[PDB]
2 protein chains.
Amino acid sequence: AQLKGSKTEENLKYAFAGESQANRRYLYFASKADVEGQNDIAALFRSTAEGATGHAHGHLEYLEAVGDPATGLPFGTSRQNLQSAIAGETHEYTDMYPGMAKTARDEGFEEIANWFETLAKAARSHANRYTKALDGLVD
Amino acid sequence: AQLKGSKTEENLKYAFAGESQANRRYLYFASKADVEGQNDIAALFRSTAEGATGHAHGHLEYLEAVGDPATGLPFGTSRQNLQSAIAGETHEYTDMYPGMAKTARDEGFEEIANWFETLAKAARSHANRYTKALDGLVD
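Residues numbered from 1 in each chain as written, not as in the entry; some residues may be left out. Chains lettered and ligands numbered in written order. Heavy atoms only, no water.

Looking at the entry header, you'll see X-ray crystallography listed as the method and 1.38 Å as the resolution.

A. A look at the UniProt feature "domain: Ferritin-like diiron" (unreviewed entry) in chain A. Taken from the UniProt record, the annotation "domain: Ferritin-like diiron" (unreviewed entry) applies to residues 2-139 of chain A. Between the end C-alpha atoms of residues 2-139 of chain A there is a gap of 29 Å, over a span that is 80% helix and 0% strand. (UniProt positions renumbered as here; feature names shortened; annotations may be inferred. Helix = DSSP H or I, 4+ residues; strand = E, 2+ residues; numbered from the N terminus.)

B. Quick look at the environment of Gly5 of chain B. Tracing the backbone shows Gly5 of chain B in the segment before helix 1 (7-36). For the pair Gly5 of chain B and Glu92 of chain B, spaced 87 residues apart in sequence, the C-alpha separation works out to 25 Å.

C. Focus on the domain arrangement of chain A. Entries for chain A in the domain assignment read domain 1 (7-63) and domain 2 (78-136). Look at where the C-alpha atoms of domain 1 of chain A and domain 2 of chain A centre, and you get two points 23 Å apart. (Domains from an automatic or database assignment.)

D. The packing of aromatic side chains, seen in detail. In this structure the tally under the stated criterion is 18 aromatic pairs over all chains. In this structure an aromatic cluster arises from ring pairing among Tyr26, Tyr28, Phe29 and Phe45 of chain A together with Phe75 and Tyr130 of chain B. (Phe/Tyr/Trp six-rings, centres within 6.5 Å; stacked < 30°, edge-to-face > 60°.)

E. Representation of the relation of the copies chain A and chain B within the structure. Overlaying chain A with chain B gives an RMSD of 0.8 Å, the required rotation being 180° about an axis along which the chain moves by 0.1 Å. Taken together, the rotation and translation describe the operation of a two-fold axis. Taking C-alpha positions as reference, the residue of chain A nearest the rotation axis is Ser20 of chain A, located at 2.7 Å. Both copies present the same face, since 99% of the interface residues in chain A are matched by interface residues at the equivalent positions in chain B. (Least-squares fit on C-alpha atoms. Contact = heavy atoms within 4.5 Å.)

F. Structural detail: the interface of chain A and chain B. Listed by partner, the interface residues are 74 residues for chain A and 75 residues for chain B. Between chain A and chain B, the buried area comes to about 6300 Å², and carbon and sulfur atoms account for 63% of it. Put simply, chain A and chain B have four salt bridges between them. Our count for the contact surface shared by chain A and chain B stands at 29 residue pairs in polar contact. Elements that contribute at least two residues to the side of chain A that touches chain B include exactly helix 1 (7-36), helix 2 (39-63), helix 3 (78-106) and helix 4 (110-136) of chain A. By residue number, the principal contributor to the side of chain A that touches chain B is helix 1 of chain A, which donates 20 residues. Of the residues contributing to the side of chain A that touches chain B, the split by class is 35 nonpolar, 25 polar and 14 charged. (Buried area = accessible area lost by both parts, 1.4 Å probe. Salt bridge = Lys/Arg side-chain N within 4 Å of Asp/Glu carboxyl O. Polar contact = N/O pair within 3.5 Å; in protein donor to acceptor, adjacent residues only side chain to side chain. Nonpolar A, V, L, I, M, F, W, Y, C, P; charged D, E, K, R; others polar.)

G. Broad picture of the packing of helix 3 of chain A against helix 2 (residues 39-63) of chain B. Packing of helix 3 of chain A against helix 2 of chain B brings their axes to within 12 Å, and their N-to-C directions diverge by 30°. Taken as axis vectors, helix 3 of chain A and helix 2 of chain B run roughly parallel relative to one another. Remark: the crossing between helix 3 of chain A and helix 2 of chain B carries left-handed chirality. Facing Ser78, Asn81, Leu82, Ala85, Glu89 and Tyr97 of chain A of helix 3 of chain A, the residues of helix 2 of chain B in contact are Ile41, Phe45, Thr48 and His59 of chain B. (Axes fitted to C-alpha atoms, helices over the stretch in contact; angles between N-to-C directions. Parallel < 35°, antiparallel > 145°, perpendicular 65-115°, else oblique. Left-handed = near helix turned anticlockwise from the far one by under 90°.)

H. View of the side chain of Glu89 of chain B. Tracing the backbone through its elements, the reader meets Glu89 of chain B in helix 3 (residues 78-106). Despite its burial, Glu89 of chain B pairs with no opposite charge, the nearest such side chain being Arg25 of chain A at 6.4 Å. Of the polar contacts made by the side chain of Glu89 of chain B, one reaches the side chain of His126 of chain B; its length is 3.2 Å. Residues contacting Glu89 of chain B, with those up to four places away along its chain left out, are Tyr26 and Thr48 of chain A together with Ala123, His126, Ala127 and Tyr130 of chain B. (Buried < 20%, exposed > 50% of the residue type's maximum accessible area, 1.4 Å probe, protein only. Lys, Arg positive; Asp, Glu negative; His and termini not counted.)

I. Spotlight on helix 3 of chain B. All names here are of chain B. Helix length check: helix 3 (29 residues) gives 40 Å between terminal C-alpha atoms against 42 Å at 1.5 Å per residue, within 8%. Maximal helix bending in helix 3 amounts to about 45°, located at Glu92. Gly108 sits one or two positions beyond helix 3 and adopts a positive phi of about 90°. (Expected span 1.5 Å × (residues − 1). Bend = angle between axes of the 7 residues up to and from the residue.)

J. Representation of the pattern of salt bridges in the model. Residues and elements named next belong to chain B. Within this structure, the stated rule accounts for 16 salt bridges over all chains. Here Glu110 ties to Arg105 by a salt bridge, and the two come within 2.8 Å at their closest N and O atoms. The exposure class of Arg105 is partly exposed, given its relative accessible area of 34%. Taking the shortest distance from any N to any O, the salt bridge between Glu117 and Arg105 comes out at 2.8 Å.

K. Region of the structure containing the packing of helix 1 of chain A against helix 3 of chain B. Taken N-terminus to C-terminus, the directions of helix 1 of chain A and helix 3 of chain B make an angle of 165°; their axes are 11 Å apart at the nearest point. One way to sum up the angle between helix 1 of chain A and helix 3 of chain B is to call them roughly antiparallel. Considering how the two elements wind past one another, helix 1 of chain A and helix 3 of chain B form a crossing that is left-handed. Two secondary-structure elements touch here, helix 1 of chain A through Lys7, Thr8, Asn11, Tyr14, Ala15, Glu19, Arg25, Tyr26, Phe29, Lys32, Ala33 and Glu36 of chain A and helix 3 of chain B through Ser78, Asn81, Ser84, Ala85, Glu89, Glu92, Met96, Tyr97, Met100, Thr103 and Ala104 of chain B. By residue class, the composition of the contact of helix 1 of chain A with helix 3 of chain B is 10 nonpolar, six polar and seven charged.

So, in structure tokens, the structure goes:
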């Protein structure tokens, strides 16, 4: 409770975002090393990526006291988690990805705009699957 | 249309941050569902998390030439990837995590301050390991 509204809450959200991206980045770097045949480098990136998973996990555990960094909604139980995932996916397909696609098209990046539209379609599908799972949940 | 400096470059970085966090959040939610015995919700979170990994990979593919979301540095080859990883980890241990630790301590969240300090030390260790890997890289 004391954490809500603090600068530390904001720092935990920022650090969660950074560590989440670090895992994704390090896995991407590992996949590039795979193709290069840099097998030791790939293993190092995968090991450090696992460290970033633990860091992000810890940040999110502290944030369970205040809300999901992506939606502000409570998280913990599957009911709460599904409700938050639905809100996030709905934001992605309604606003974020279509907005990014329009700007990509405005700026002349047609392939990127189509990519964003593909991800809007994916987010709509994921929102609908989460909604169905929530409907079926008896707790 | 030049991607570097465009609004679309910034949107790719932002979308990458969101998809990265989505994977981390969804794996956390999947583990909560495991404990509750909600096996299908757990699998659904894991399946959707795997989709988020693909989305993040696709965003990074577009960003290779313009710069790593975390550092602004070019990425793609193992040498570039190690240089960028070192830069990012060095920022975490010299600036980001120490600053977050100081703020948490000032706000009275002593355990969280120690958590940030632990992560500063971890980032220093990551930077050191990446530096040794770069120093011996055969490319």
